[PDB]
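*Asks:* Need coordinates for the following:
(2 chains)
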Amino acid sequence: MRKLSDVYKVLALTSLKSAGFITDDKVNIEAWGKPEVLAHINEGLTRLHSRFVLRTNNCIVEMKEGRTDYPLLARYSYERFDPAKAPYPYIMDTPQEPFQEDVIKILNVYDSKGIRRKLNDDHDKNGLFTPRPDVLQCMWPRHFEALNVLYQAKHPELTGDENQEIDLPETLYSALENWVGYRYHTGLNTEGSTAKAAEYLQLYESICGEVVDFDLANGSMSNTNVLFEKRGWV
Amino acid sequence: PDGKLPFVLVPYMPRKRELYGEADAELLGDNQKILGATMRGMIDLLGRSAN
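*Replies:* Numbers count the residues shown, from 1 in each chain, chains lettered A, B, ... in the order given. Next comes the structure:
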């Protein structure tokens, strides 16, 4: 689990090596292009955390009476309650692991009783529809309820602090660099730099293909066929 | 009156020069095994599919 400070250095030696903002020691990035690079790493992790299922996290959502639509934002959480934009907090997070507003796709939600509730099932009372990816529409907020919502997650936003640690598999760092190089080299609008951006972007797919061709990101899934015994079939 | 043990023993399939007899499932061994292992394979093929 590397640090953003180390990512700056490793970026300065492999991908952004001919970049202008490389400092005189060649092992760091000048303080004028760091917002630019940080805005490329954040997008880079978001893409990598979108294709592969890299971070599966669950955040429980308490039921408040009278509210059916339950946006899974950070303003409604407990530790990050924002009284100006949220009437009451209903998500539950601990101080050490607060909600980071990092929901990409919601996968499976259980209950406080252990009953699994289907997702997007038109003919299914006891079903939680999601009218938009980062929301949740429970049509019957029963008493004493909660919802462990297993969802695909993205890396928590990199504010810019050089001591924030990055959660990426070590084998996928050769693809994050090839995406930062793409974003940087494609903005210069020069013929030489643009042709390099395509090479860096295509290499991103090649490495993202070798990671999925060897199950290095846990993409293959096998499960016990519990359906067999239920449908009869002695 | 007969002055003998009051037991009468008859074999199903006699064993040569042996008091006890050999039953039917002795030769039928491994035939049930193969037939069951094939029927279970067919049922596995049908049930572990998507209909």
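*Asks:* what about the residue of chain A found nearest chain B, distance to residue B:47?
*Replies:* Here chain A gets closest to chain B at one residue, residue A:233, 4.7 Å apart by CB to the nearest CB. Placement of C-beta: from N, CA and C, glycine included. Counting by CB to CB, to the nearest Å, the gap from residue A:233 to residue B:47 is 5 Å.
*Asks:* Could you check which of the two has the larger neighbour count?
*Replies:* residue B:47 (16 against 12; other CB atoms under 10 Å in any protein chain shown).
*Asks:* Go ahead and confirm the more buried one touches residue A:227.
*Replies:* No. In this structure residue B:47 lies outside contact range of residue A:227 using CB atoms under 8 Å: 9.4 Å.
*Asks:* The residue of chain A closest to chain B should be in a helix, yeah?
*Replies:* No. Applying DSSP: H, G, I helix; E, B strand; the rest coil, one finds residue A:233 to be coil, outside a helix.
*Asks:* show me what contacts it?
*Replies:* Shown in contact with residue A:233 (CB atoms under 8 Å, 6 or more residues apart in numbering or on different chains): B:43, B:47.
*Asks:* So what touches the lengthiest helix in chain A?
*Replies:* The longest helix of chain A (DSSP state H) is helix A:191-210. Helix A:191-210 is contacted by residues A:15, A:48, A:51, A:172, A:174-175, A:178-179, A:181-182, A:184-186, A:188, A:216 when judged by CB under 8 Å, 6+ apart.
*Asks:* For PyMOL, what selects the buried ones among these?
*Replies:* Command for PyMOL that selects the buried part of those, burial taken from 16 or more other CB atoms under 10 Å in any protein chain shown:
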select buried, chain A and resi 15+48+172+174+175+178+179+181+182+184+185
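*Asks:* As a check, name the ranges of all strands in chain B.
*Replies:* Listed in chain order, the strands of chain B (DSSP state E) span residues B:13-14, B:21-22.
*Asks:* Of the ones you listed, which stretch is the most buried?
*Replies:* Each of those was scored by mean neighbour count; the highest is strand B:21-22, a mean of 13, by mean count of other CB atoms under 10 Å in any protein chain shown.
*Asks:* wait, isn't residue B:11 in contact with residue B:20?
*Replies:* Yes. With contact defined as CB under 8 Å, residue B:11 and residue B:20 form a contacting pair (6.7 Å).
*Asks:* For the two, indicate the residue with more neighbours.
*Replies:* Between residue B:11 and residue B:20, counting by other CB under 10 Å, residue B:11 is the more crowded of the two (12 against 9).
*Asks:* got a list of what that one touches?
*Replies:* The neighbours of residue B:11, taking CB under 8 Å, 6+ apart as the test, are B:20-22.
*Asks:* One more pass at 7 Å, please.
*Replies:* Residue B:11 makes contact with B:20-21 under the criterion CB atoms under 7 Å, 6 or more residues apart in numbering or on different chains.
*Asks:* Over to the one 4 residues further on?
*Replies:* For residue B:15, the contact set (CB under 7 Å, 6+ apart) comprises B:21-22.
*Asks:* before we move on, back to that, buried set for the longest helix of chain A?
*Replies:* Of all the residues in helix A:191-210, those buried under the rule 16+ other CB under 10 Å are A:196-197, A:200-201, A:203-204, A:207-208.
*Asks:* same thing with stretch A:94-114?
*Replies:* Going by 16+ other CB under 10 Å, stretch A:94-114 has these buried residues: A:98-100, A:102-104, A:106, A:109-111.
*Asks:* from the residues you listed, which ones fall inside strands?
*Replies:* A:103-104, A:106, A:109.
*Asks:* Now for those residues: which two are most distant?
*Replies:* Based on CB to CB, the longest span within those runs between A:104 and A:109 and measures 15.1 Å.
*Asks:* Show the residue spans covered by the helices in the chain.
*Replies:* Defaulting to chain A. Here chain A has its helices, by DSSP H, at A:4-14, A:34-51, A:173-185, A:191-210, A:227-230.
*Asks:* Chain B, not that one
*Replies:* Counting by DSSP H, chain B has helices at residues B:31-47.
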